[PDB]
Amino acid sequence: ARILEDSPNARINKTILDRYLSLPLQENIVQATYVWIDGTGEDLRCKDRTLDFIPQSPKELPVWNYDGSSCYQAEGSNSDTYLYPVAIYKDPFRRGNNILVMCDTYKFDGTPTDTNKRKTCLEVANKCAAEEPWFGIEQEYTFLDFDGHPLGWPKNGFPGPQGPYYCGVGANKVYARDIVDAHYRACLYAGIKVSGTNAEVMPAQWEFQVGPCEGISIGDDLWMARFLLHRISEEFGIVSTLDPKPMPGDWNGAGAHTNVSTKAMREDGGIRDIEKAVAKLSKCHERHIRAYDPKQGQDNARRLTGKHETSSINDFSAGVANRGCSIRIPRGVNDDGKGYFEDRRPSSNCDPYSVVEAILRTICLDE
Amino acid sequence: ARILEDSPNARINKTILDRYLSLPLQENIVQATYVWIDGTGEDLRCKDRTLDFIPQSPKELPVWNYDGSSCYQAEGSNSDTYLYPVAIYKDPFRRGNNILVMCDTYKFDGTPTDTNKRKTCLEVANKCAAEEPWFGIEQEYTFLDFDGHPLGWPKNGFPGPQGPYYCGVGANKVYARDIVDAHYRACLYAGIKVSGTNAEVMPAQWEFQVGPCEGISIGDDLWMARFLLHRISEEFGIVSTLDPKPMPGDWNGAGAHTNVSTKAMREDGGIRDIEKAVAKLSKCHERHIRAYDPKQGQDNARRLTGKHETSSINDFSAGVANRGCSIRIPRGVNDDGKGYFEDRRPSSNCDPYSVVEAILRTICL
Amino acid sequence: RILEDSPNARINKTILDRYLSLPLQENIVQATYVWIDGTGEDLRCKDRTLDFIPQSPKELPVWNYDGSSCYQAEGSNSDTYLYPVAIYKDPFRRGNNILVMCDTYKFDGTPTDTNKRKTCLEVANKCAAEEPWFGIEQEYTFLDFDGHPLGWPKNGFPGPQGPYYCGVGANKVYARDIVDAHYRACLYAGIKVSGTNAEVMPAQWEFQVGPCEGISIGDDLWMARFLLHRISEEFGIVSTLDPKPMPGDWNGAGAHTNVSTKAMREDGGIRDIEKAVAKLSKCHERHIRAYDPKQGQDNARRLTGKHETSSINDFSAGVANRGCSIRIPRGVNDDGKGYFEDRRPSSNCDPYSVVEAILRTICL
Amino acid sequence: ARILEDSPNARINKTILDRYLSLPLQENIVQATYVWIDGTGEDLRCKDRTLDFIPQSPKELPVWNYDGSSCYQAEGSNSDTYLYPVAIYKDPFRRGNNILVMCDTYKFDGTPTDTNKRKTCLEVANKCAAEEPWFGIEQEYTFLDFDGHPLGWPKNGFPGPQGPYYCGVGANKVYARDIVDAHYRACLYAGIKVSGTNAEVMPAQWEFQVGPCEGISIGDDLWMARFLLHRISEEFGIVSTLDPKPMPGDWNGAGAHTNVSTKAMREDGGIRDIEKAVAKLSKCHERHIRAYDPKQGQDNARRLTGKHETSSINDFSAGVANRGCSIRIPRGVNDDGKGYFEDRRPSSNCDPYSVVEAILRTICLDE
Amino acid sequence: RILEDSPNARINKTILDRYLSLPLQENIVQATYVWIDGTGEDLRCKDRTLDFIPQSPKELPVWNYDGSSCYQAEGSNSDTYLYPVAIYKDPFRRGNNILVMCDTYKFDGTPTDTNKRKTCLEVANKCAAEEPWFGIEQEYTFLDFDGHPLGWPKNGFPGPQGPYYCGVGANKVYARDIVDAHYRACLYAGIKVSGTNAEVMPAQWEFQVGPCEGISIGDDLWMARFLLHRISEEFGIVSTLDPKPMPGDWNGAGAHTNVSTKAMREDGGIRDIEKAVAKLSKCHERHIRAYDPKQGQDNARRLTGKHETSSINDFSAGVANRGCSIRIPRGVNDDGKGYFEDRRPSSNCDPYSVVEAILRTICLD
Ligand SMILES: Nc1ncnc2c1ncn2[C@@H]1O[C@H](COP(=O)(O)OP(=O)(O)O)[C@@H](O)[C@H]1O
Ligand SMILES: Nc1ncnc2c1ncn2[C@@H]1O[C@H](COP(=O)(O)OP(=O)(O)O)[C@@H](O)[C@H]1O
Ligand SMILES: Nc1ncnc2c1ncn2[C@@H]1O[C@H](COP(=O)(O)OP(=O)(O)O)[C@@H](O)[C@H]1O
Ligand SMILES: Nc1ncnc2c1ncn2[C@@H]1O[C@H](COP(=O)(O)OP(=O)(O)O)[C@@H](O)[C@H]1O
Ligand SMILES: Nc1ncnc2c1ncn2[C@@H]1O[C@H](COP(=O)(O)OP(=O)(O)O)[C@@H](O)[C@H]1O
């Protein structure tokens, strides 16, 4: 009755679309959905165009543009903002040779927009290329009803206390698995390396893991995966939020925990290299928590500095297999004496480009 | 409209998923769902990962972990808990080469968790192998709406008294058969030997039978089957509960009656062996009740009173084709001089590993 | 309001199809055993996984159920046995899956009170040389979960009879989808459903089975009944065989029974038809006793002589006449051969008892 | 929201009437409501007329008529049926000098209707005038919603089992006390001797007791109490039923237990006269059952099974302090050597005139 | 949704008034007899017409009821007797109409199992010399018809505790109308209600009765409970006295009892009190049995030692302290004299048993 009752998309018919989706087209014709990051640094925008050819590379896609003043990227008279494809994926909605196109964005003068964090991240990731840095990201998120309350939670109230929902199974334990399952498979079909999923501590809260991807491709892939989550959830009338505190107080906020390695760390006795990198990471702490947050640490501080599977934003701790510590070497990695380390500081709404750039600067470029 | 009105999963669209399900993936890509028992010893948990190969046995799969502090399996600062794969099944939700994996769980130091009953059962099952013991379990369960009241029952009250609902047919006799049929088929596809189903005495109450299964297999199989029931139910917005007394008073609680035979018992003249086994089980009643419910024989006490065709919690009686009993020999087993016997004591929420072990201890060791 | 409280109507209906397309290894066979309970009117069922494709009812195992849970308590040994009698293709699962009609037997091998097949079969076998054929017109009514006829205004009545019989239209007949699904399921299963029609009462319908030789009418009508209840379950709709599912001047329900022997079907058999009707005239009370499963109590509520119906007490029979106990149809009196129509059996009759009683009187 | 949703009277505004009730008229305008029993023998009918005078006794009221063919009292084309006042009460709905009139009925030729039982009862009661016989009746009844299900019961189902509802207090114990309380007060005001009320075993079930009344007046007063019950219930959209089994099974039926005493049973040593009457009623069980029911034993046969605190229809019994019997003599009476006896046979829908006559015929006219 | 299924909430409430206002001759008197049933928790009532105005209880007729219809079955001798023991003016009917508190007796003239008044009264008269005064703080909770606390989100919880205690506002306290109506109806009836407040738990409230001399605190509290249920009823809201109307870290329910003798109150002061207290430290186990009507089984649920309550095993005494079993209020300590607080009695206690036990231990040894 109440659940999704005001959500426009949940109330529109979902069956008719298949009639039109079945329509055969000249294989020549290609619909391309260009996706980009808006002025908030948090949200995605998209639009599409018809091509008459199958592109092999993002360089073969035309440069496009949008009204930056309609996306919180105003620039007086000169608000036309340009779209530079950087990465191509198969489209799981249209399936043909139809494609999704991640972009980065440039002002009219050829300079990056404020929210373009990929330009510099790429400079750096090229300059550490020889080190073959690999990143995994654990993206947490919460499903909301249209009124902003977490999906399925009683209106004007709370479901039972945490305990039964983590990795839960059952109608009273986890909600909207359908979307999670759809999204997992859509990401796979699109060529994004999602390595798994789980249900989180808060009911309506989930996680998917992406990686491991090399260098800057973790940013393109996570951004596209976010796009896909929002877009799939839209069809259901459900809002997916990346906000780190989608509900105040005792309930679990949201991280984007980031797993890192270089070729040396992955090699035999890389443990010493890891332990070195964590030391370096462990103290420049005030500098990273700024580029782990699209508003420079104001979002972080709603979730962080507590005792709910997180990290204190105040100070810094580096433990082994410690969910309480900002940066963490897993037990099996100590045991193996090689592998990777987990940075538990990035917030669910982090920009991955900023995260990897801060990381690489510190552990490869030697600041 | 009240039925399922507040169930989130029942209020979310169900046809969109099929679009995404039919997406074709490159081969190499396998989705594996790991499943384990949590610190309650009753409830299941699960999560997924992507593999780049097709495993051939459980041994080929990666050991994995979870946070036990989030599963009622806290161990201070060392809360990481380990998932060991013990059985693979085909995945009926995702099909193809996708798989479901039953696990057992270990603490950070390599010891079993309190609710891992399989390590100790596996040991005993292995000592008893040559007697080739076979187990079947009749798992009773009940469908609930989101508010915890049994599915389709009138809000704040009761349907008609017992009688019409057992093995029923008709819109006013039995509810949500679609889940039952979907589950029977899913299990069969998964490789679980579901041997039957029926609607039970209580409206919204049902049973599926698993077996016969070789030794430790009954435990892996029944756990995975329970998983499948919860997980299929979930899509409908419906809760499946294995609680033994999901409504109080004169409403049939729930059992997990266990059928047992050894090789001796299945060969001509087995009835002698069956007779002896029943004899031994009669001198250690209390120990079995304690292993026959995962809270030491306390959820056993809200059901096993000595009424509604059942055992008594304090009292051990056996008999030939007798349902007011603990241990029963079926008429057809007696008439054939060979076969299997029925242990009626275990409750719907028993851990099958514990039931098996207790039994094999008494009648093989 | 319509079906708002029917649990099965409120549960999602599209998810099942995802699990139904699940491919299983050839040779796994699901078998659903079906039986009549201690009311003598209602059906029960459950299912088992089999190893093999049975070639005939004898190849299937004997099973059991707890009689105490279906009004068949025999104190301390209530374990009741299920003997397969007929096998049908399963229209719900298809493949090699089957439904299995049974009859039922106590612990000591004697028949339960509601097993009327045993005794009917002895009689029908004795009459086999007369090749008796039976056709049955099974009437029924769809109900909402509250017991009120489906679609009828709550706490009230739709317009008077006239427009609904064999109707077409959203305001003339209800739930044809179940009717059409049943019709085809029955044909797929191997049941000889010869026709259907909408009846005089809105939400009321009829299916005809036959002609079937002997005992097989009984098996087949029972499985068709099971199929009706079972298909209508998935819609959340109750199908009742109650003979007077609403009181007043609203059409009750019959299971009119058409009957012929070898002699009656050959030219000049009309003589033998009249012989048979005459033997049935002389023992009216024993048939009305056989013609509902409480011995003449349920038919009384229908048989008022007013609504296309015969008298409770008084036996009558005439050509072309729907006010009579036993009617000889126009076409058959004209043709000099065919069958007679027995209009006495109520919609909740056991066809084994009906067959047996008619065979005893016209063949014995 | 279902309780009373389909009941027309519950869905009509209730405060508007007050506006019109407070309209003053001159004391000499009298509204008289004539009430009678219809051809079912169970239900009441009524209608109103304006008088210009205040009658002093039933003798002073006009004899009236109605169309019996609309009340199941057809008699072909001579269907005009006559209404003779026999009792007047003060009207608790209009107050002032307005009145309710209980009547009995008579066919066009002056002979009584089949459902007029008063006539032959009053013949009898007059011959027993000396014995000064008193009657109390314990009228059980059930409130139903408009769909025929008991008021407040879950639709298509049953509330919790019996036990908590008898003389209960609490929103989840008893329902519609306002009607019970209104009616009790309205009976008193109208001039009926209502001695008490209680909530009964079945939820939605209630009882009021009337008496002790002298002779024939028990009949007139109880029929008028009945009228008032339905007429008051009607306002709330609630149906009040006197059906003896308003729900089949292990749910308590409804009786009209009748307390009886003569001058002689009330004096010292009266108990001796009592045990003699019981014995006389014990010799003719089948006579009474037929007088105890608007048919002749048909509705009793659904209530009276032996269980649920009532006598068997088949055989008779006495005892003391026993609620399983037909005729109960209270303890407090045996102990005091005087009082009355309780006939527990009459069903809730009995016609009281029929109950009284049959009892008097037996215990006074020595039949 | 709130009160949507409560029959009394859905019945028109304005019509009754046009009937109550009807006038009747002055010595027509409606009397409502009130008694405790076989649970020893719940009340029952029924009513009769008198033709006179009673001056005291003894002028009312002894009456009876069917004990087998209220869990007071004694086979075929089930008629149970009502003895009037206290009269109150009737706030629902006004005029000379009355409410009658009774105690109950078997057919043989002996007290029913749930009459604690008879023995309580014996002891009270023996301690009359020492002029004992009692004050009781009765907590209770309002429930919707489904048993969920009134106004709480269906299938869930409101915000944590903090804002509700002594709260003001539509989102802080619920159903103040019932509380005000009860407060006043009690005062009019002759019951010495001395205050009320909204409790920690949302929908939870309290009223205080007393100080009352001796046995009358039991009569008066019982009749106040009656009034609460009966007023609640007209709104279609349930009032429960269950000590833990919701599980976990939501505030249970007490019936804290304040106590004094003449000594303790007249100047002599806290040395009489400190001795009285030390007499209670001796017998905790015995008092927990007197302090709910199943003898420790319901208390165990709110007496956790957590959420401002004492633990059910261990005894404790502190000044101005709220974690203790017995309490000396700072205010009484500061002064020569006063009363002491007993914080162990549970919301569903029988006050007659609370008084008796306190009096045996303290005025009698
Ligand atoms: N050597 C590595 N370097 C970087 N990332 C890795 C490496 N190995 C694994 N990862 C990635 O880290 C992520 C692990 O997330 P998850 O399984 O949720 O870990 P946990 O929940 O134990 O913290 C996965 O995407 C995985 O692919
Ligand atoms: N020899 C045997 N040993 C163990 N289990 C058996 C044996 N034979 C059959 N079983 C299993 O016993 C179970 C019987 O379940 P069910 O038909 O519900 O029995 P009932 O309802 O009569 O107790 C099924 O799992 C069946 O496969
Ligand atoms: N000669 C016959 N002998 C036995 N049964 C017959 C014969 N002819 C027809 N039937 C059966 O009787 C049924 C006739 O029912 P129906 O056509 O509904 O009759 P009506 O038109 O009078 O309702 C058919 O379903 C058919 O199987
Ligand atoms: N002497 C008497 N003769 C006839 N009826 C009496 C006499 N004394 C009292 N009564 C009536 O008996 C009835 C008592 O009924 P009730 O109080 O319900 O008792 P119980 O609890 O035994 O059913 C009242 O109608 C009362 O007026
Ligand atoms: N001397 C006394 N002896 C017994 N009871 C008393 C005495 N003085 C006050 N009381 C009663 O104790 C109750 C106090 O309850 P309350 O005001 O809620 O106290 P608190 O909430 O501070 O514990 C009141 O009914 C009060 O009348």
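Residue numbers (my numbering), protein chains in the order written: chain A, 2 to 368; chain B, 99 to 463; chain C, 147 to 510; chain D, 2 to 368; chain E, 1067 to 1431. Note that beta-carbon positions come from the ideal geometry of N, C-alpha and C, so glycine has one too.
So, are the CB atoms of residue i and residue j less than 8 Å apart?
i: residue 1205(E); j: residue 1319(E); result: yes
i: residue 288(C); j: residue 383(C); result: yes
i: residue 211(C); j: residue 423(B); result: no
i: residue 439(C); j: residue 186(C); result: yes
In the DSSP assignment, find the alpha helix (DSSP H) that holds residue i and state where it starts and stops.
i: residue 234(A); result: 218-237
i: residue 264(D); result: 264-267
i: residue 1186(E); result: 1183-1192
i: residue 145(D); result: Premise fails: residue 145(D) lies in the beta strand (DSSP E), 135-145, not in any alpha helix (DSSP H).
Looking at ligand 4, does it come within less than 7 Å of residue i, judged from the CB to the closest heavy atom?
i: residue 1133(E); result: no
Regarding residue i and ligand 3, is the C-beta to nearest heavy atom distance less than 7 Å?
i: residue 355(C); result: yes
i: residue 432(B); result: no
Could you tell me which of the options sits nearest to residue i, measuring between CA atoms?
i: residue 110(D); options: 91(D), 80(D), 93(D); result: 80(D)
i: residue 398(B); options: 303(B), 116(B), 446(B), 289(B); result: 446(B)
i: residue 1381(E); options: 1352(E), 1090(E), 1084(E); result: 1352(E)
i: residue 204(D); options: 335(D), 134(D), 252(D), 233(D); result: 252(D)
i: residue 260(A); options: 328(A), 276(A), 55(A), 242(A); result: 328(A)
i: residue 1337(E); options: 1292(E), 1125(E), 1394(E); result: 1394(E)
i: residue 206(A); options: 214(A), 165(A), 218(A), 188(A); result: 165(A)
i: residue 217(B); options: 450(B), 326(B), 260(B), 259(B); result: 450(B)
CB of residue i to nearest heavy atom of ligand 1: below 7 Å?
i: residue 136(A); result: yes
Residue i: beta carbon under 7 Å from a heavy atom of ligand 5?
i: residue 1322(E); result: yes
Starting from residue i, trace the beta strand (DSSP E) both ways and give me its first and last residue.
i: residue 1305(E); result: 1304-1306
i: residue 506(B); result: Coverage of chain B is limited to positions 99 through 463, which leaves residue 506(B) absent and any answer about it impossible.
Which runs of the alpha helix (DSSP H) at least 4 residues long sit entirely within the segment 432-510 of chain C? Give them in chain order.
Restricting attention to alpha helix (DSSP H) runs no shorter than 4 residues, the segment 432-510 of chain C encloses them at 443-448, 476-481, 497-508, ordered along the chain.
Taking only runs that begin and end inside the segment 187-243 of chain C, name each unbroken beta strand (DSSP E) of 3 or more residues, in chain order.
Runs of the beta strand (DSSP E) inside the segment 187-243 of chain C: 189-196, 209-212, 225-235.
I'd like the ranges of any beta strand (DSSP E) spanning at least 3 consecutive residues and lying wholly in the segment 166-205 of chain A.
Within the segment 166-205 of chain A, the complete beta strand (DSSP E) runs of at least 3 residues are 195-200.
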